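Data first, discussion second: the structure below is written as structure tokens.
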Amino acid sequence: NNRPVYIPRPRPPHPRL
Amino acid sequence: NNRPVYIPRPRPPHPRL
Amino acid sequence: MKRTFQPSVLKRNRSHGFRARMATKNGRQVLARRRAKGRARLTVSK
Amino acid sequence: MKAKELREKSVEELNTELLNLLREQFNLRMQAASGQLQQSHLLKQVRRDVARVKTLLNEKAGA
Amino acid sequence: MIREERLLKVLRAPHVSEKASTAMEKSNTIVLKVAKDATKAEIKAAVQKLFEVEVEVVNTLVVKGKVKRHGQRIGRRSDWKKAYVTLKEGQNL
RNA sequence: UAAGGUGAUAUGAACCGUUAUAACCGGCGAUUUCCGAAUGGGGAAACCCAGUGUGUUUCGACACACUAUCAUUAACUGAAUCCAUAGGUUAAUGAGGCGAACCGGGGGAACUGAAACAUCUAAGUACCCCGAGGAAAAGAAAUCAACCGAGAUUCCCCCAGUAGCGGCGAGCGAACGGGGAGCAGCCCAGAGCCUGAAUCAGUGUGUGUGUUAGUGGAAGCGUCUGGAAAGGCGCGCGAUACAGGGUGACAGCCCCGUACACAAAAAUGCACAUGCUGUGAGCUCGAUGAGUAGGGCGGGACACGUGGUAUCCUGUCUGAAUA
RNA sequence: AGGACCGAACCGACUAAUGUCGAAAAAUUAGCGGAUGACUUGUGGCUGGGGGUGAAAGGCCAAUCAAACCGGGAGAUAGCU
RNA sequence: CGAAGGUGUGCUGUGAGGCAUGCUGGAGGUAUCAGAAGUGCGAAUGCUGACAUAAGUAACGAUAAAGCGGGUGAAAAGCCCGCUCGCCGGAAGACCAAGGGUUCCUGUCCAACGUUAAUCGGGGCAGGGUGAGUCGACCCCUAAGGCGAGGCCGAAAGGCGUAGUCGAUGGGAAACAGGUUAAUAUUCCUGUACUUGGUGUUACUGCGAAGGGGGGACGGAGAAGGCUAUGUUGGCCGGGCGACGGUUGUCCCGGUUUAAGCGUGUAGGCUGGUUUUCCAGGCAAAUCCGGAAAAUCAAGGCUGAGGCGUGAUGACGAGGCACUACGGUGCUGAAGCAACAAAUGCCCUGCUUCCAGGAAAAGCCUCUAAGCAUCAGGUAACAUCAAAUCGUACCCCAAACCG
């Protein structure tokens, strides 16, 4: 299984998540 | 930051003739 | 207001498609120029 | 193991190639998809083995 | 002959979802992923041999990949094919 | 080569290997989906649909291979008419497409300059088309010179903005000759005598060297400041290695390298030696390129625009001599 | 029967107002013309720039047409600013 | 124990400048004398980026319209639920093609996007979702037109075109009803059907083409007749009699639905049938077509909506009942008829008229040539097998297409 996708560091105006 | 591409034709001037 | 561009997949392919370009030499030259410039989309296609 | 089957005849080497695909290749893929395959290196090992056996078949058969 | 290992390669994985579960419990059908081409005849033959079961019919469909937005780059998921394999009254898995 | 590895964004998971069949690098092989000259037919490229010939668990249905066109050659067939030819089928060989410039040939502008503009210039330039190679083209005098002589072609520097051409306007602009780079001359239009007789081309073996992985490769410590010294201060060492890069500030002596000395199982380039195959010396005698040279008319190339205009080329109409 | 009549869809665009950094790079609102025909419309073809097409306005040919667009000659030329 | 750069101050030269130093900065800088320049900017309606101005001004995109309660939430005029009001209703509703290409559904998030807020969304993130022998494409055939073996023509490129091969906007085999998912169904499920091929068996038989014929196969307008979709009313079944007067009555509300296929084949429309003989036409042939002859009967044949049966004592069905993660789920289920009106839809590629005279080819039917006739092949019946591949979500007069 591959849950981890390694989300990258986003932009200063990025989705708050 | 594209400079305006379409400039409309100038309004016809008043006839000074 | 009917604008100039009225999309149609069939007409688009038959006018600027790969097979249309290769049929005549000038279109072949067009493909050659695109390849030299290294354009990702050589022509129009799905 | 690379030269272990290099001295095998076509029939027997063809058989182990059959077994490699039937078992440890199809079954592993199902386990990985279902999520019960804790260790994934088997898929790499079996795939390379299938390639190694397959090249010997071509090298031996014909040319 | 290479029909054998072809049948060993058309199946890719089983599909798990609430629709898949509902179909299995109600219509006795199992939905599973198959190869890109995976013609119905090949899928039927593969299910017969590997699962030693009997299938009424197989009907397939192609699922187009989604366009996903990773970081500052755009990308498209690979297309794949799923088959609704229908079993008879007697089933094993 | 090797104690580290499983490419990167990019951590992890699960594993491999550590004295050699982990990984990595090089040579030679295998694999090489579909589109694309695309070549089985078609097609809206990455798709659809076939024939034939070989082999196979339920007739079911599959696997492999082949099947484009054109050119040349051969065979088998074969019309209008006997023969024949065209034509048709088969087999073999080659071609096809792409590619930055350079090269040769076939076409060929205008802006612009002349302070306008038409001859002219721009310019045989841009551009289009065809063909070929690693260079191509050109080329062994029906040439120059001057009655002294030079001995194929190409390129560079002079001669020289000279002589000339030119609405003698704008502009274009040589040759002879001199100094250099580099050097090479041969064959067919034909018979005899003598016959591998040299020089070449296509392929083996051996030698030398190069290329595709690589290996070894010298020599510095102590103190001060500082987050950390390669810096300051003191005393040393190597150098056929102070070319470079990295290392917590600027390193000959910390690391990778450099100078230097070595290495190739395998595959290849070049230079030689030695074999095979094919074409071919030398001597005697003879021949010595005809719709050509030249000419009339119309154009082009020659620096040279028809001018007193030689020379070359060509569309058209004519037409010699031959030592 | 009708290039017949009134009139919706549909096609057209005569008048006025609004709108001119507008909702819209010619529209909306209220009226208006044709509406079985020289009608209108979908799909696909053909005509390529000193040309096409034109019940003819130098109109139209991808919001550009008394000679389209793109690239090149080209850093054209400018006794002018 | 602090380079360039940056930011101040103090001095100095006639000027362009120079020098010193504080703070920041953090590792480069460079005297002197020479050499070389992309060697100095304030303007060119200069070019690029950044930031002002107007200015917290105009505007917030149809004058179809909102109000209240409850819920979730940090926060509710905008979200969800409920009760009212309003708007469209030949559309602002419901289905497709074209074109988009996940905008579909569920969970979660509110920075950016939405001309405001936002818990919401066609926004971000993750998962799920497109099921076909019958629908469409593909496929067989062809129109305009394209390409085009040879060929003809042209400085080259290339142009035109025959045989051919492509090209739907046309022709060609087959499915309907009901139910089900948060999201697909004429695809899944249930019920009941249909079509085209392959193989085998049985009983008969002459088969056989890029060849012939038939069919396919066609205009405008107009009219009438017969029907249906559909609607209204009555009957029937179920429920109600009622907060402001009256309402057991001719009262009020709801329901009264069912296909393809198969059978019968009707109104209507078209054509006179059958048998025999002969014929240089159908580029060969022909039992077919066409033509010419007689004999005999006046009738058959073709086409054909709807209706009625079957499909179906099945499905659907108001309502009621039992539990609700309180969205819904499960169970049960009466009547299901008649009359009238009526299409722009069907009979009708019909009929009657008019001049402007209204595609092609294949599938299909039929006759033969070559060739094969103890075969093969064909016909009928039965059995069995096959029907692949691609599209299938969602928008589709619009917030998803072109602007």
Side-chain angles (χ1 to χ4, degrees), chain A, chain B residues 1 3 6-9 11, chain C residues 1-26 28-29 31-33 35-36 42-46, chain D residues 1-4 6 37-45 51 54-60 62-63, chain E residues 1-4 6-7 15-20 22-23 26-29 31 36-42 45 48-49 57-73 76-77 81-86:
Chain A
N1 298 355
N2 258 259
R3 174 60 52 85
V5 172
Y6 198 94
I7 66 177
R9 182 171 176 81
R11 315 300 170 270
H14 68 277
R16 304 282 120 264
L17 184 62
Chain B
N1 288 356
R3 189 172 193 170
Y6 173 71
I7 192 66
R9 184 180 295 113
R11 182 191 190 277
Chain C
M1 294 296 172
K2 185 183 286 185
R3 295 277 154 258
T4 67
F5 176 46
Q6 299 300 336
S8 177
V9 182
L10 185 71
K11 292 175 71 172
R12 184 176 177 87
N13 297 354
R14 294 179 66 188
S15 296
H16 325 282
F18 191 82
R19 301 211 80 256
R21 290 256 180 272
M22 287 276 279
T24 187
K25 67 182 290 294
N26 307 294
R28 223 192 313 287
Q29 275 174 23
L31 294 160
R33 276 201 317 264
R35 288 212 186 80
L42 183 65
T43 187
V44 305
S45 290
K46 186 174 82 172
Chain D
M1 53 91 81
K2 56 184 206 185
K4 300 290 94 176
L6 180 54
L37 186 71
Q38 318 306 0
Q39 50 189 0
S40 297
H41 68 282
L42 280 68
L43 284 149
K44 182 62 65 68
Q45 276 177 3
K54 190 168 282 283
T55 184
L56 290 182
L57 297 174
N58 189 358
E59 190 277 331
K60 191 191 299 308
Chain E
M1 185 270 303
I2 58 165
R3 183 188 297 111
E4 190 277 331
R6 179 67 180 271
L7 296 165
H15 202 72
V16 65
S17 47
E18 65 183 1
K19 186 183 191 178
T22 308
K26 186 180 289 293
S27 66
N28 194 37
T29 62
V31 60
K36 181 69 176 177
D37 61 356
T39 64
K40 281 167 194 183
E42 293 179 353
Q48 296 292 140
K49 184 177 180 181
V57 76
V58 184
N59 44 0
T60 62
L61 66 91
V62 180
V63 183
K64 281 74 175 171
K66 291 181 187 178
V67 165
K68 291 297 188 184
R69 192 66 178 80
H70 191 247
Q72 66 266 26
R73 214 165 305 290
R76 185 179 296 113
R77 291 238 180 87
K81 193 188 268 195
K82 65 202 283 194
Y84 293 71
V85 175
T86 297

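Chain identifiers are assigned alphabetically (A, B, ...) following the order of the sequence lines, protein sequences preceding nucleic acid strands; residue numbering begins at 1 within each chain. Below, all heavy atoms of this structure are taken into account, side chains as well, without hydrogens, waters or symmetry copies.
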Should we say atom CZ of A/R16 is surrounded by more than 12 heavy atoms from elsewhere, each under 6.0 Å from it? yes

Specify the residue among C/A20 and C/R35 whose closest nucleotide of RNA chain F lies further upstream toward the 5′ end. C/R35

Going by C1'-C2'-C3'-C4' alone, is F/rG151 a north or a south sugar? south

Using distance alone, with no hydrogens and no angle criterion, decide if E/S27 and E/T29 have a side-chain donor and acceptor under 3.5 Å apart. yes

F/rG113 and G/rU47: how far apart are their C1' atoms, nearest whole angstrom? 43 Å

From CD of E/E42 across to P of F/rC62 the rounded distance in Å is 8 Å

Would you confirm whether H/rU48 and H/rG197 are paired, taking Watson-Crick (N1-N3 with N6-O4 or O6-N4) or G-U wobble (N1-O2 and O6-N3) geometry and requiring each distance to be under 3.5 angstrom? no

Are the six-membered base rings of F/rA10 and F/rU11 less than 5.5 Å apart at their centres, with planes tilted under 30 degrees? no

Among F/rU31, H/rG391, H/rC125, the one nearest any side-chain atom of D/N58 is F/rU31

Tell me whether F/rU279 is paired to F/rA261 (Watson-Crick: purine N1 to pyrimidine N3 plus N6-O4 or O6-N4; or G-U wobble; cut-off 3.5 Å). no

Do other residues, nucleotides or ligands put more than 12 heavy atoms under 6.0 Å from A/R11 CZ? yes

Upstream residue (5' side of RNA chain G) when B/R9 and C/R14 are each assigned their closest nucleotide: C/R14

Measuring to OP1 and OP2 of H/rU102, would you say a side-chain N or O of E/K68 lies under 4.0 angstrom away? no

Checking only heavy atoms, does the side chain of C/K11 share a donor-acceptor pair with the base of G/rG45 at less than 3.5 Å? no

Pair E/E4 + E/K49, salt bridge at N-O below 4.0 Å: yes

Going by Watson-Crick or G-U wobble geometry, both distances under 3.5 Å, is F/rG124 a partner of F/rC242? no

Do G/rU28 and G/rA27, which sit next to each other in the strand, have six-membered ring centres within less than 5.5 angstrom and planes differing by under 30°? yes

Using a 3.5 Å upper limit on both distances, decide if H/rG8 and H/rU21 constitute a Watson-Crick or G-U wobble pair. yes

Is it true that the neighbouring bases F/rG278 and F/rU279 have six-membered rings whose centres sit under 5.5 Å apart and whose planes meet at under 30°? yes

Centres under 5.5 Å and planes under 30° for the six-membered rings of H/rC241 and H/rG242? no

Under-4.0 Å side-chain N/O to phosphate OP1/OP2 contact, E/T29 with H/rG131: no

State the pairing partner of F/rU90; accept Watson-Crick or G-U wobble contacts with both distances under 3.5 Å, and report none otherwise. F/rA74

Distance-only donor-acceptor test (3.5 Å): side chain B/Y6, base G/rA25: yes

Distance below 4.0 Å between E/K40 side-chain N/O and H/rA132 OP1 or OP2: yes

For C/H16 and D/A3, find the nucleotide of RNA chain F closest to each by heavy atoms; which residue's nucleotide sits nearer the 5' end? D/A3

Could you tell me if H/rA339 and H/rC340 satisfy the stacking criterion of six-membered ring centres under 5.5 Å apart and ring planes within an angle under 30°? yes

Base pair F/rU195/F/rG319 (Watson-Crick or G-U, both distances under 3.5 Å): no

Of C/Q6 and B/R11, whose closest RNA chain G nucleotide lies nearer the 5' terminus? B/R11

Taking syn as any angle within 90 degrees of 0 and anti as the rest, which one fits F/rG105? anti

